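Q: There's a structure below that I have some questions on.
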Amino acid sequence: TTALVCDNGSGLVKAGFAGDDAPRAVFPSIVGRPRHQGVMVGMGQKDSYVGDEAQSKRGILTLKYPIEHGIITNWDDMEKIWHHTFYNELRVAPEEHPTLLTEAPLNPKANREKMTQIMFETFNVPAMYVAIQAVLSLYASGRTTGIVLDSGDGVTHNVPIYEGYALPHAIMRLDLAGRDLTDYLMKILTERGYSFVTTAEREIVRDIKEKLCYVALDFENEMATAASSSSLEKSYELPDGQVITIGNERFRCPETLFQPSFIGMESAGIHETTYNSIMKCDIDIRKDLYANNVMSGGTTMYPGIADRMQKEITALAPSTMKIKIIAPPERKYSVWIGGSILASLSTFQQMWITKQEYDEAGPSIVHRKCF
Amino acid sequence: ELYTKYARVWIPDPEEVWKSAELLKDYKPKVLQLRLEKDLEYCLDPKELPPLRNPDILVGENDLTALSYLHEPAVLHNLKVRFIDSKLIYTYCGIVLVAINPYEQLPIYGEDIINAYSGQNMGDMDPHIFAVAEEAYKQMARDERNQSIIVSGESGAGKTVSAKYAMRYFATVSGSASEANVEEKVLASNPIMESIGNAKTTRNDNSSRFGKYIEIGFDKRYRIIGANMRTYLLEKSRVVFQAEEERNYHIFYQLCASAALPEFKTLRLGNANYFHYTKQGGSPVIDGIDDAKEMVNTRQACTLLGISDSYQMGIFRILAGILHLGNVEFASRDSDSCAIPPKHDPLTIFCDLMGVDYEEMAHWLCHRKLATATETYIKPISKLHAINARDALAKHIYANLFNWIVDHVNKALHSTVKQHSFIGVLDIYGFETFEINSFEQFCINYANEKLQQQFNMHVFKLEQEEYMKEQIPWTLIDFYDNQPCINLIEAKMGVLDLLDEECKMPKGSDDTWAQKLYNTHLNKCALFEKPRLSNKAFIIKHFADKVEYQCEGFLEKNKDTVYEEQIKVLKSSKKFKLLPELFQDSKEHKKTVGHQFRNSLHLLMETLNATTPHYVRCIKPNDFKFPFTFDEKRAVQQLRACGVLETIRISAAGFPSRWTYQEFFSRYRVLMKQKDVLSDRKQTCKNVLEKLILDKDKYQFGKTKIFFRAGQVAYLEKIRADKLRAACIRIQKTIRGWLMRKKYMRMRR
Amino acid sequence: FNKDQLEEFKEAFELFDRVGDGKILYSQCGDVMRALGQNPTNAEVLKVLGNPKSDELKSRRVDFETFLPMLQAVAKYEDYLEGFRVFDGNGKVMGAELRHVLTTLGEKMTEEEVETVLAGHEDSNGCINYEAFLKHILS
Ligand SMILES: C/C1=C\[C@H](C)C[C@H](C)OC(=O)C[C@H](c2ccc(O)cc2)NC(=O)[C@@H](Cc2c(Br)[nH]c3ccccc23)N(C)C(=O)[C@H](C)NC(=O)[C@@H](C)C1
Ligand SMILES: Nc1ncnc2c1ncn2[C@@H]1O[C@H](COP(=O)(O)OP(=O)(O)O)[C@@H](O)[C@H]1O
Ligand SMILES: [Mg+2]
């Protein structure tokens, strides 16, 4: 038939039919419960809400993401998200449609196993496969060689690939991400005398992060300059039409990617973890990874992150050798688009795990076939 | 054995394929001793024995299957001695009517013969094209079902003459042409569809590149009502890319030849090598044809078939658009984007011919748009992608202009009155191979091979229904099935499917495509082979031949993808009526040309499997159009291409020769002792044949017909000829002795 | 052959000697054999002659003593009837068809030979009683 392609990270769920150019359903990966007494009789109380509805209702609700970093933490909530995905938004019965799922590399093994077990047992999915989110970005960006920086909510990781081969010894994984940029953004906003405590307020903070932040081509110059002048300031409206002024801080927040020390990590920023990934892989390869860097997932979209990396690698890198950084505007969706490609290759039809082989060999098969 | 003294065989020769000879000595278990109508020794190796010449009564009968030794030399010979000596041009094999095109026109199409066939049954006449129409038009009365006629050959071989007379026969049997004639209008349609349809291929000029089907409605009275057209299997790849010694579709040249004329002054047409789509073949002139005159005959054909010149000049405006679009030239600003230089001349003109503003076409040609559900991204594309999209736009324009011209040729032809039932007449190109083979040939070969599957299935069903009548078991007759090849080309993990995968897969290339072919099939399958000296090609076995396809251009030609926002720019144009029309009523924009072809092919066969087809084949008996000559190499190549020799090789495993007992006796009783011979004919032959032939597998007795396998009518007539010849010896010598005795009495005197 | 037979045969041989040297040609040997009651085929005659070449067949001469072993070698009904029944089934044979087969099959004869032997044997319809014609040619 034609095959479902689905992403869940700790941010937006991305799902659609394979062979489309963009996901047919996009909604935040949120499950929400009322925290107030139901007063009205005939209110039409509902035991939980999923996605966009929870975004409208959220004032009345409390909101919890079933996925933290890369990992599903609480499974029966997640199962509601899948149920909503297939039945409500796609409105397609999962019995007739092979399904494709994406994970971050170096995740716990249970996460992949239970994700299989649910799909076969609870949705009766005819066939399944699981793919690392980095790899798909190469199909999306049209390449078979490059070092893939992938960063969204949840996990941030570098995977190098050279002419179709991964290099498992050189996969690097990190956890600074849109969620922890968001918590930092709250903790810094507190210093201008504004505070957000509850989950629903956090999702106001996130919309600030998306709308106003940007990355400074050099950080101490703009830090000094914003003290020296208002002109960097900008202002934004809360839902109720109150207005807030935001400062030098609006660039200060995404700097934590380049300097993890601020959030309190000892780590080196995505530039240096890219370089340290290039080091682990041999000089046979290295020139062509320096020649291709591909960015995936939401956090990469901060305006000017690309130029800041091309500077901060090139100044770090060996001097003689061109450095190039490649940022399609799609890149928030590229991890899905590459699944739309991979699920529609004909060679891949051999590779689907199928119900028969699972029933023969148990869930354990998924590690053997998939990766 | 069969090979005695004074028996005849064929041998291979450089200038004609088989040559006749005679055995001077019997064979015995190496050298063979031969005489040539010079003397020769012909010598034998792994072990095999030559083709054995048929007895001489059978040569020249109406039907090649009547021959006992069915093989290439006999088919060659019997066609030759019809065509040159008899000047009979039509022949039967199975049901499959062969037609060998004379360039000399002939009486036999004349109207009397129409009346003479119209009542008669299939086998009762000398074969002729009216003998096919006679069946199709009878069958449509006798039973409900629609009937179709199928015509195959090189486009030089008289297909359209066969269709024209096929229609004439219907129009006269309907008695109705005076009431209205479609026939004039159908035949006056031909120049337009030739002009859009055809190209100059290496092995012949004015090759046609599309399957063309014409559907003719009847009254409940079965007079003609009207005619409807359809078309299938158009070659889109040619419009933008061409091999050396080929041209683009004829109109582009007939247009460029007219650049001098003030009628088209606006278009700024050049000489044909100016434009990047026309020049690539290096071959602007078709030998012996003026283009500039023929243009006028095209326009007049459009006028006669009812297009107002308001449309005709719009058509030519579009074509000039396609050419100026062709000359549009990109530059790379950086490896992952492209741009168009300022005031770039051809795009400047193109935007005026279309009446779409400059800036929109500039923007969308350089940029792709991706729309998600919530939001838009406008996205740059690399020079390669830009060129691929421009050429896909050109192909999509041309295919829509073609479908529109067919829609109007219908609109003129498509009288509307309730249509009781219909007969169909179809032209297609034959199986096709050259020194080079390429994606065009690959698709043409897949279309021929999947029609061949239908034909073989129908012939098998029709013999099974024949054996049904005479209570013969099925095990004797065996279906022959080329599903094993089609499952190679068509099915998933096919050659086409793996190509459509390489179109998607990033940094695809013809080399990696080929390497995936070899990985998939090469050891597995008997029909796929790697050519030894190269990794740039692959071989596929077919019914006719092994064929070697070059990878070299094969992925580039497969890509079709058209960006919606580019056609929307055209669709907005105010300036003239037609271009907003062409695009009127998606997912198809993604479909690669291979997939679009495989779909059009299944739509064709779903149009034919509704129907009970008849067949024609046309062969081009000399390469030079001599008024009469026959050239035995060319007739061989044509008889492979049409697949007649496979129809024969299939039937020669069969029971290809049948006799009615009362006809059988007239020759065979001479073998047969009257002293034994019974009162009851079927018992008579059952007794006698069991003596004359050793094995009960070789023959079958049926109610009215007796069946023989391939070899045994020849053997039976040989043993007749020996027995009769020996008796004739004994009489002749006895008479010579008697007269010599009388002469000796003269000596006594 | 005994002395009486040898004398009759020698007399016949001398009647065929057209040169006076007491010899006949090879090409006459068959004719003499037929005049003496033999009915050899042309193939049998050439075989007993040793498949002679044209030159010796037309000009080489042999006396009676060399001829005699050849006559002996050549010398050493239901088939005849069935052979005629081939061309029958009312017991007749077309004159045209018998003429055609005798002039076109086997060891083809001339039209004049066939006319000579067939003269007086066909009726008004042009039919030959083949049992009577056979008895006639066997007499
Ligand atoms: C006390 C410790 C561990 C744990 C509390 C001990 C328990 C016992 O381990 C589990 O089995 C629970 C669970 C888990 C969750 C789901 C599942 O199907 C299986 C296990 N995994 C987790 O909570 C992971 C998640 C994680 C972070 Br973030 N990045 C990672 C990178 C790779 C892999 C996984 C992760 N996690 C938060 C930790 O390890 C924290 C950082 N570890 C520690 O502070 C040290 C001192 C050891
Ligand atoms: N325009 C933007 N600028 C900066 N951050 C963004 C933007 N859009 C989304 N984000 C952030 O990206 C994160 C989602 O990352 P993404 O990779 O899209 O999720 P997933 O990993 O589930 O695909 C969220 O923190 C979201 O706030
Ligand atoms: Mg993601």
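Numbering starts fresh at 1 for the residues of each chain in the structure tokens, the chains themselves are lettered A, B, ... in the order given, and ligands are numbered from 1 as they appear.
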Please identify every residue of chain A that has at least one atom no farther than 10 Å from an atom of ligand 1, counting only C-alpha atoms and all ligand atoms, and for each give the shortest atom pair and the distance in Å to one decimal, arranged by chain then increasing number, as a tab-separated table.
A:
residue	atom	partner	partner_atom_place_in_ligand_line	distance
A:67	CA	ligand 1	16 (C)	9.9
A:68	CA	ligand 1	28 (Br)	7.8
A:69	CA	ligand 1	28 (Br)	6.3
A:70	CA	ligand 1	30 (C)	7.6
A:71	CA	ligand 1	16 (C)	6.0
A:72	CA	ligand 1	16 (C)	6.5
A:73	CA	ligand 1	16 (C)	5.7
A:74	CA	ligand 1	16 (C)	8.6
A:75	CA	ligand 1	18 (O)	9.7
A:104	CA	ligand 1	32 (C)	9.4
A:105	CA	ligand 1	32 (C)	8.6
A:106	CA	ligand 1	32 (C)	5.8
A:107	CA	ligand 1	33 (C)	4.9
A:108	CA	ligand 1	33 (C)	4.9
A:109	CA	ligand 1	18 (O)	6.7
A:110	CA	ligand 1	18 (O)	4.3
A:111	CA	ligand 1	18 (O)	4.6
A:112	CA	ligand 1	18 (O)	8.2
A:113	CA	ligand 1	18 (O)	8.6
A:114	CA	ligand 1	18 (O)	8.0
A:115	CA	ligand 1	18 (O)	9.8
A:154	CA	ligand 1	28 (Br)	9.1
A:155	CA	ligand 1	29 (N)	8.1
A:173	CA	ligand 1	31 (C)	7.9
A:174	CA	ligand 1	29 (N)	8.1
A:175	CA	ligand 1	29 (N)	7.2
Q: Can you write out the residues you just picked, keeping C-alpha atoms, as a PDB file, in the first residue's frame?
A:
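As a result, again32.pdb now contains:
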ATOM      1  CA  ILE A  67       9.292  12.236  26.185  1.00  0.00           C
ATOM      2  CA  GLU A  68      12.292  13.671  27.999  1.00  0.00           C
ATOM      3  CA  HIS A  69      15.575  13.984  26.173  1.00  0.00           C
ATOM      4  CA  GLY A  70      15.119  11.088  23.798  1.00  0.00           C
ATOM      5  CA  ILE A  71      13.384   8.723  26.121  1.00  0.00           C
ATOM      6  CA  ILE A  72       9.736   7.882  26.588  1.00  0.00           C
ATOM      7  CA  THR A  73       9.330   8.012  30.367  1.00  0.00           C
ATOM      8  CA  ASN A  74       5.640   7.191  30.907  1.00  0.00           C
ATOM      9  CA  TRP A  75       4.134   4.848  28.393  1.00  0.00           C
ATOM     10  CA  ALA A 104      17.998   9.340  18.707  1.00  0.00           C
ATOM     11  CA  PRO A 105      21.203   7.266  18.647  1.00  0.00           C
ATOM     12  CA  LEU A 106      22.610   5.858  21.878  1.00  0.00           C
ATOM     13  CA  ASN A 107      19.156   5.622  23.405  1.00  0.00           C
ATOM     14  CA  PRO A 108      18.306   2.964  25.984  1.00  0.00           C
ATOM     15  CA  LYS A 109      17.417  -0.364  24.416  1.00  0.00           C
ATOM     16  CA  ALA A 110      14.102  -0.713  26.236  1.00  0.00           C
ATOM     17  CA  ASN A 111      12.864   2.422  24.485  1.00  0.00           C
ATOM     18  CA  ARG A 112      13.199   0.751  21.079  1.00  0.00           C
ATOM     19  CA  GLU A 113      11.857  -2.573  22.325  1.00  0.00           C
ATOM     20  CA  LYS A 114       8.674  -1.364  24.001  1.00  0.00           C
ATOM     21  CA  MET A 115       8.028   0.976  21.072  1.00  0.00           C
ATOM     22  CA  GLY A 154      15.563  16.607  23.786  1.00  0.00           C
ATOM     23  CA  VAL A 155      18.836  15.263  22.518  1.00  0.00           C
ATOM     24  CA  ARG A 173      25.556  12.914  21.986  1.00  0.00           C
ATOM     25  CA  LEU A 174      24.614  15.945  24.071  1.00  0.00           C
ATOM     26  CA  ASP A 175      21.517  17.189  25.889  1.00  0.00           C
TER      27      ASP A 175
END
Q: Write as a ChimeraX atom specification the residues around ligand 3, taking 6 Å as the cut-off and counting only C-alpha atoms and all ligand atoms.
A: /A:9,152,297
Q: Residues of the last selection are to be written out with C-alpha atoms, as a short mmCIF file (atom, residue, chain, number, x, y, z; two decimals), in the first residue's frame.
A:
data_model
loop_
_atom_site.label_atom_id
_atom_site.label_comp_id
_atom_site.auth_asym_id
_atom_site.auth_seq_id
_atom_site.Cartn_x
_atom_site.Cartn_y
_atom_site.Cartn_z
CA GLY A 9 10.88 13.94 19.60
CA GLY A 152 15.83 19.95 18.64
CA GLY A 297 15.85 20.14 13.99
#
Q: Taking only region 126-259 of chain A into account, list the residues labelled strand (DSSP E) by DSSP (computed from the backbone), as a VMD selection string.
A: chain A and resid 127 to 132 146 to 151 156 to 162 165 to 166 172 to 174 234 to 237 243 to 246
Q: Since we have the selection now, will you write its residues out, keeping C-alpha atoms, as a PDB file, in the first residue's frame?
A:
ATOM      1  CA  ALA A 127       5.198  -3.908   9.624  1.00  0.00           C
ATOM      2  CA  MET A 128       7.625  -1.542  11.274  1.00  0.00           C
ATOM      3  CA  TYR A 129      11.118  -0.091  11.150  1.00  0.00           C
ATOM      4  CA  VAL A 130      13.184   2.288  13.289  1.00  0.00           C
ATOM      5  CA  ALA A 131      15.746   4.745  11.951  1.00  0.00           C
ATOM      6  CA  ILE A 132      18.288   7.093  13.505  1.00  0.00           C
ATOM      7  CA  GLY A 146      28.722  14.743   5.753  1.00  0.00           C
ATOM      8  CA  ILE A 147      28.714  15.251   9.485  1.00  0.00           C
ATOM      9  CA  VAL A 148      25.135  15.739  10.642  1.00  0.00           C
ATOM     10  CA  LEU A 149      24.519  18.122  13.510  1.00  0.00           C
ATOM     11  CA  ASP A 150      20.989  17.441  14.731  1.00  0.00           C
ATOM     12  CA  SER A 151      19.422  19.422  17.548  1.00  0.00           C
ATOM     13  CA  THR A 156      21.472  17.001  20.420  1.00  0.00           C
ATOM     14  CA  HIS A 157      23.923  14.792  18.593  1.00  0.00           C
ATOM     15  CA  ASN A 158      26.580  14.675  15.904  1.00  0.00           C
ATOM     16  CA  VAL A 159      26.783  11.646  13.642  1.00  0.00           C
ATOM     17  CA  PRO A 160      29.453  11.518  10.917  1.00  0.00           C
ATOM     18  CA  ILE A 161      28.682   9.571   7.760  1.00  0.00           C
ATOM     19  CA  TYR A 162      31.069   8.992   4.850  1.00  0.00           C
ATOM     20  CA  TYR A 165      28.757   4.362   6.126  1.00  0.00           C
ATOM     21  CA  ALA A 166      28.284   5.521   9.691  1.00  0.00           C
ATOM     22  CA  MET A 172      28.653  12.147  19.926  1.00  0.00           C
ATOM     23  CA  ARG A 173      25.556  12.914  21.986  1.00  0.00           C
ATOM     24  CA  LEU A 174      24.614  15.945  24.071  1.00  0.00           C
ATOM     25  CA  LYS A 234      12.762  44.665  21.559  1.00  0.00           C
ATOM     26  CA  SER A 235       9.318  44.096  23.034  1.00  0.00           C
ATOM     27  CA  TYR A 236       6.555  41.527  22.771  1.00  0.00           C
ATOM     28  CA  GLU A 237       2.964  40.962  23.891  1.00  0.00           C
ATOM     29  CA  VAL A 243       3.822  44.073  27.060  1.00  0.00           C
ATOM     30  CA  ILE A 244       7.371  43.119  28.057  1.00  0.00           C
ATOM     31  CA  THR A 245      10.717  44.605  27.015  1.00  0.00           C
ATOM     32  CA  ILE A 246      13.589  42.206  26.335  1.00  0.00           C
TER      33      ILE A 246
END
Q: Please find the residues contacting ligand 2 at a distance of at most 6 Å between atoms, with only C-alpha atoms and all ligand atoms counted, and report them as a list in words.
A: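 If we count only C-alpha atoms and all ligand atoms, the neighbours of ligand 2 turn out to be residues 8, 9, 10, 11, 12, 13, 151, 152, 153, 178, 179, 206, 210, 297, 298, 299, 301, 302 and 332 of chain A.
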Q: So which residues of chain C fall under alpha helix (DSSP H) by DSSP, listed as a PyMOL selection string?
A: chain C and resi 3-16+26-35+42-49+54-59+64-75+78-85+95-104+111-118+130-138
Q: With distances taken over only C-alpha atoms, which of B:724, B:505, B:540, B:322 is nearest to residue 139 (chain A)?
A: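 The shortest atom-to-atom distance to residue 139 (chain A) comes from B:505.
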Q: Given a cut-off of 12 Å, which residues of chain B touch chain C, counting only C-alpha atoms, written out as a PyMOL selection string?
A: chain B and resi 666-675+677+720-749
Q: For residue 223 (chain A), find every residue with an atom within 12 Å (counting only C-alpha atoms), except residues of its own chain fewer than 3 positions away, and show them as a list in words.
A: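 Contacts, with the query itself left out: residues 215, 216, 217, 218, 219, 220, 226, 227, 228, 229, 230, 232, 233, 247, 248, 249, 250, 251, 252, 253 and 255 of chain A.
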Q: At a cut-off of 12 Å, which residues of chain A touch chain B? Count only C-alpha atoms and give the answer as a PyMOL selection string.
A: chain A and resi 14-16+19-27+136-145+163-164+291-292+324-334+336-350
Q: Calculate how many Å separate CA of residue 615 (chain B) from CA of residue 464 (chain B), rounding to one decimal.
A: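 These atoms are spaced 18.6 Å apart.
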Q: Mind checking which residues fall within 12 Å of residue 60 (chain B), counting only C-alpha atoms, ignoring those fewer than 5 positions away in the same chain, and posting them as a PDB file with N, CA, C and O atoms, in the first residue's frame?
A:
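New file selection14.pdb:
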ATOM      1  N   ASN B  54      10.782 -28.470 -47.203  1.00  0.00           N
ATOM      2  CA  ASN B  54       9.436 -29.011 -47.301  1.00  0.00           C
ATOM      3  C   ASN B  54       9.189 -29.641 -48.672  1.00  0.00           C
ATOM      4  O   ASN B  54       9.772 -29.217 -49.674  1.00  0.00           O
ATOM      5  N   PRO B  55       8.330 -30.659 -48.744  1.00  0.00           N
ATOM      6  CA  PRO B  55       7.851 -31.129 -50.046  1.00  0.00           C
ATOM      7  C   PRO B  55       7.147 -30.007 -50.793  1.00  0.00           C
ATOM      8  O   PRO B  55       6.633 -29.057 -50.201  1.00  0.00           O
ATOM      9  N   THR B  65       1.298 -22.130 -41.552  1.00  0.00           N
ATOM     10  CA  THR B  65       1.168 -23.294 -40.678  1.00  0.00           C
ATOM     11  C   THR B  65       0.884 -24.576 -41.451  1.00  0.00           C
ATOM     12  O   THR B  65       1.183 -25.668 -40.956  1.00  0.00           O
ATOM     13  N   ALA B  66       0.296 -24.476 -42.646  1.00  0.00           N
ATOM     14  CA  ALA B  66       0.135 -25.658 -43.487  1.00  0.00           C
ATOM     15  C   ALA B  66       1.463 -26.357 -43.768  1.00  0.00           C
ATOM     16  O   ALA B  66       1.482 -27.569 -44.008  1.00  0.00           O
ATOM     17  N   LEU B  67       2.571 -25.622 -43.745  1.00  0.00           N
ATOM     18  CA  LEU B  67       3.875 -26.227 -43.980  1.00  0.00           C
ATOM     19  C   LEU B  67       4.230 -27.202 -42.865  1.00  0.00           C
ATOM     20  O   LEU B  67       3.900 -26.979 -41.697  1.00  0.00           O
ATOM     21  N   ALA B  74      11.737 -21.847 -44.584  1.00  0.00           N
ATOM     22  CA  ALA B  74      10.442 -22.088 -45.215  1.00  0.00           C
ATOM     23  C   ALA B  74       9.585 -20.829 -45.230  1.00  0.00           C
ATOM     24  O   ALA B  74       8.945 -20.507 -46.236  1.00  0.00           O
ATOM     25  N   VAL B  75       9.526 -20.133 -44.098  1.00  0.00           N
ATOM     26  CA  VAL B  75       8.784 -18.879 -44.000  1.00  0.00           C
ATOM     27  C   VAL B  75       9.305 -17.864 -45.006  1.00  0.00           C
ATOM     28  O   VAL B  75       8.539 -17.281 -45.789  1.00  0.00           O
ATOM     29  N   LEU B  76      10.623 -17.663 -45.014  1.00  0.00           N
ATOM     30  CA  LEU B  76      11.261 -16.822 -46.019  1.00  0.00           C
ATOM     31  C   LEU B  76      10.841 -17.233 -47.421  1.00  0.00           C
ATOM     32  O   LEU B  76      10.423 -16.394 -48.226  1.00  0.00           O
ATOM     33  N   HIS B  77      10.942 -18.522 -47.734  1.00  0.00           N
ATOM     34  CA  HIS B  77      10.740 -18.973 -49.103  1.00  0.00           C
ATOM     35  C   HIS B  77       9.300 -18.733 -49.530  1.00  0.00           C
ATOM     36  O   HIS B  77       9.038 -18.237 -50.631  1.00  0.00           O
ATOM     37  N   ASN B  78       8.354 -19.138 -48.685  1.00  0.00           N
ATOM     38  CA  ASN B  78       6.943 -19.078 -49.036  1.00  0.00           C
ATOM     39  C   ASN B  78       6.463 -17.636 -49.159  1.00  0.00           C
ATOM     40  O   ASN B  78       5.729 -17.296 -50.102  1.00  0.00           O
ATOM     41  N   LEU B  79       6.946 -16.746 -48.280  1.00  0.00           N
ATOM     42  CA  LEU B  79       6.654 -15.331 -48.476  1.00  0.00           C
ATOM     43  C   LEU B  79       7.284 -14.809 -49.756  1.00  0.00           C
ATOM     44  O   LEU B  79       6.667 -14.012 -50.471  1.00  0.00           O
ATOM     45  N   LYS B  80       8.516 -15.217 -50.050  1.00  0.00           N
ATOM     46  CA  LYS B  80       9.178 -14.714 -51.245  1.00  0.00           C
ATOM     47  C   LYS B  80       8.393 -15.102 -52.491  1.00  0.00           C
ATOM     48  O   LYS B  80       8.078 -14.257 -53.333  1.00  0.00           O
ATOM     49  N   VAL B  81       8.025 -16.381 -52.596  1.00  0.00           N
ATOM     50  CA  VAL B  81       7.352 -16.878 -53.791  1.00  0.00           C
ATOM     51  C   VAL B  81       5.899 -16.436 -53.884  1.00  0.00           C
ATOM     52  O   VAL B  81       5.314 -16.506 -54.971  1.00  0.00           O
ATOM     53  N   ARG B  82       5.279 -15.989 -52.791  1.00  0.00           N
ATOM     54  CA  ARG B  82       4.095 -15.149 -52.961  1.00  0.00           C
ATOM     55  C   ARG B  82       4.435 -13.768 -53.508  1.00  0.00           C
ATOM     56  O   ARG B  82       3.838 -13.320 -54.492  1.00  0.00           O
ATOM     57  N   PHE B  83       5.383 -13.072 -52.885  1.00  0.00           N
ATOM     58  CA  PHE B  83       5.518 -11.647 -53.158  1.00  0.00           C
ATOM     59  C   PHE B  83       6.097 -11.367 -54.542  1.00  0.00           C
ATOM     60  O   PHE B  83       5.496 -10.628 -55.328  1.00  0.00           O
ATOM     61  N   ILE B  84       7.249 -11.949 -54.872  1.00  0.00           N
ATOM     62  CA  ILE B  84       7.849 -11.649 -56.170  1.00  0.00           C
ATOM     63  C   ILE B  84       7.141 -12.383 -57.307  1.00  0.00           C
ATOM     64  O   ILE B  84       6.763 -11.772 -58.311  1.00  0.00           O
ATOM     65  N   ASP B  85       6.948 -13.698 -57.178  1.00  0.00           N
ATOM     66  CA  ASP B  85       6.444 -14.475 -58.307  1.00  0.00           C
ATOM     67  C   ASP B  85       4.939 -14.320 -58.498  1.00  0.00           C
ATOM     68  O   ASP B  85       4.473 -14.021 -59.603  1.00  0.00           O
ATOM     69  N   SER B  86       4.165 -14.514 -57.432  1.00  0.00           N
ATOM     70  CA  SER B  86       2.711 -14.447 -57.520  1.00  0.00           C
ATOM     71  C   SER B  86       2.185 -13.017 -57.522  1.00  0.00           C
ATOM     72  O   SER B  86       1.143 -12.748 -58.129  1.00  0.00           O
ATOM     73  N   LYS B  87       2.882 -12.105 -56.843  1.00  0.00           N
ATOM     74  CA  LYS B  87       2.369 -10.772 -56.531  1.00  0.00           C
ATOM     75  C   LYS B  87       1.038 -10.864 -55.793  1.00  0.00           C
ATOM     76  O   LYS B  87       0.119 -10.071 -56.009  1.00  0.00           O
ATOM     77  N   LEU B  88       0.943 -11.854 -54.911  1.00  0.00           N
ATOM     78  CA  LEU B  88       0.019 -11.839 -53.788  1.00  0.00           C
ATOM     79  C   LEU B  88       0.789 -11.325 -52.584  1.00  0.00           C
ATOM     80  O   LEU B  88       1.906 -11.782 -52.320  1.00  0.00           O
ATOM     81  N   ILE B  89       0.204 -10.380 -51.859  1.00  0.00           N
ATOM     82  CA  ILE B  89       0.937  -9.658 -50.831  1.00  0.00           C
ATOM     83  C   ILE B  89       0.464  -9.981 -49.421  1.00  0.00           C
ATOM     84  O   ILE B  89       1.187  -9.671 -48.462  1.00  0.00           O
ATOM     85  N   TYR B  90      -0.702 -10.598 -49.256  1.00  0.00           N
ATOM     86  CA  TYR B  90      -1.226 -10.913 -47.939  1.00  0.00           C
ATOM     87  C   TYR B  90      -1.104 -12.407 -47.683  1.00  0.00           C
ATOM     88  O   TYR B  90      -1.225 -13.227 -48.596  1.00  0.00           O
ATOM     89  N   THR B  91      -0.865 -12.752 -46.423  1.00  0.00           N
ATOM     90  CA  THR B  91      -0.557 -14.120 -46.042  1.00  0.00           C
ATOM     91  C   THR B  91      -1.086 -14.344 -44.634  1.00  0.00           C
ATOM     92  O   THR B  91      -1.190 -13.402 -43.847  1.00  0.00           O
ATOM     93  N   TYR B  92      -1.413 -15.591 -44.313  1.00  0.00           N
ATOM     94  CA  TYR B  92      -1.832 -15.939 -42.966  1.00  0.00           C
ATOM     95  C   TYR B  92      -0.745 -16.737 -42.270  1.00  0.00           C
ATOM     96  O   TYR B  92      -0.076 -17.570 -42.887  1.00  0.00           O
ATOM     97  N   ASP B 126      -8.783 -16.478 -50.682  1.00  0.00           N
ATOM     98  CA  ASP B 126      -7.457 -15.882 -50.609  1.00  0.00           C
ATOM     99  C   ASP B 126      -7.432 -14.787 -49.548  1.00  0.00           C
ATOM    100  O   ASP B 126      -8.338 -13.943 -49.512  1.00  0.00           O
TER     101      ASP B 126
END
Q: What is the CA of residue 27 (chain B)-CA of residue 712 (chain B) distance in Å, reported with one decimal?
A: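 Interatomic distance, CA of residue 27 (chain B) to CA of residue 712 (chain B): 18.9 Å.
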Q: List the neighbours of residue 245 (chain B) out to 8 Å using only C-alpha atoms; skip same-chain residues closer than 6 positions along the sequence, and give me the result as an NGL selection string.
A: :B and (200-202 or 281-283)
Q: Mind writing the picked residues with N, CA and C atoms as a compact mmCIF listing (two decimals), in the first residue's frame?
A:
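This is the output file result-v6.txt:
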# COMPACT_ATOMS: atom_id res chain seq x y z
N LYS B 200 12.50 11.64 -36.66
CA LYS B 200 13.47 10.99 -37.54
C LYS B 200 14.41 10.15 -36.68
N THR B 201 14.22 8.83 -36.70
CA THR B 201 15.12 7.92 -36.02
C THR B 201 16.25 7.52 -36.97
N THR B 202 17.31 6.92 -36.41
CA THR B 202 18.45 6.50 -37.21
C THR B 202 18.08 5.53 -38.33
N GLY B 281 20.96 16.95 -32.17
CA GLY B 281 21.19 15.83 -33.08
C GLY B 281 22.17 16.11 -34.20
N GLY B 282 22.51 17.38 -34.43
CA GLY B 282 23.39 17.74 -35.52
C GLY B 282 22.80 17.59 -36.90
N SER B 283 21.48 17.38 -37.01
CA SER B 283 20.89 16.77 -38.20
C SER B 283 19.63 17.53 -38.61
